[PDB]
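Nothing in this text is a laboratory measurement; each read-out follows from the coordinates by a stated rule. Cβ: placed from backbone, ideal geometry, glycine included. Neighbour counts: every protein chain shown.
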Amino acid sequence: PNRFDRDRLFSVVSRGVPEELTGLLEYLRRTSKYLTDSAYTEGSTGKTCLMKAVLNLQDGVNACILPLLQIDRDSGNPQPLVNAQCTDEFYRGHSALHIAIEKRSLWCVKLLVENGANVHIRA
């Protein structure tokens, strides 16, 4: 339960269950890695856990977006995975705020903007 792979956490955030997220902080603080490192996102595209959470909302509401936010703001390296975007040539610059705006959900746009969001991110 302590160690969580990329696919495991992607599946957890796909269902939007915060209760299955009380295993991440220990994992980050044990191996002294960062949630913003190259051990949590897909290499090809760059889709992070926060983005994959934003790609699916059951009723325009996700209770799992917040827990990632407070568990990433206590140990994040200067990028809070809010200003981090894809690296592929197709989507070079596409950040989570772009998904938030595109899905037509003002709520998550807020959650992104109070917790810090460079609005001047070019896709």
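Observations, loosely collected:
- Fewest-first ranking of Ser14, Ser44, using other Cβ atoms within 10 Å as the exposure measure: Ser44, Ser14
- Highest average packing first - 56-63, 96-103, Cβ atoms within 10 Å: 96-103, 56-63
- Each other residue within a Cβ distance under 15 Å of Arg73 adds +1 if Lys or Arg and -1 if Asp or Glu, for a net charge of -2.
- Spatial offset of region 60-122 relative to region 20-48 amounts to 15 Å, using the alpha carbon center of each.
- For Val119, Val113, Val12, the sequence from fewest to most other C-beta atoms within 10 Å is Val119, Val113, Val12.
- Ranked list, fewest to most other Cβ atoms within 10 Å of each Cβ, for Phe90, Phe4: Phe90, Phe4
- Toward the positive end of the charge dipole of region 1-95, with +1 on the Cβ of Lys and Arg and -1 on the Cβ of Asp and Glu, the farthest Cα among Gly76, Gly60, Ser44 is that of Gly76.
- Charge dipole of region 22-118 (Cα centre as origin; +1 on each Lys and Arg Cβ, -1 on each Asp and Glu Cβ, all else neutral): 80 debye, rounded to the nearest 20.
- Model label points for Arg92 and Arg104, set 7 angstrom from Cα along the Cα-to-Cβ axis, are 3.2 nm apart.
- Relative contact order of the chain, defined on C-alpha pairs under 8 angstrom at six or more residues apart (%): 24 percent
- Label zone (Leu57, point 7 Å along Cα-to-C-beta; backbone nitrogen cut-off 16 Å) within region 82-123: 96-115.
- Estimated Rh, the chain: Kirkwood, alpha-carbon pairs, angstrom: 14.6 Å
- Report note on the peptides 22-34, 76-88: ranked by the mean count of other C-beta atoms within 10 Å, highest first, their order is 76-88, 22-34.
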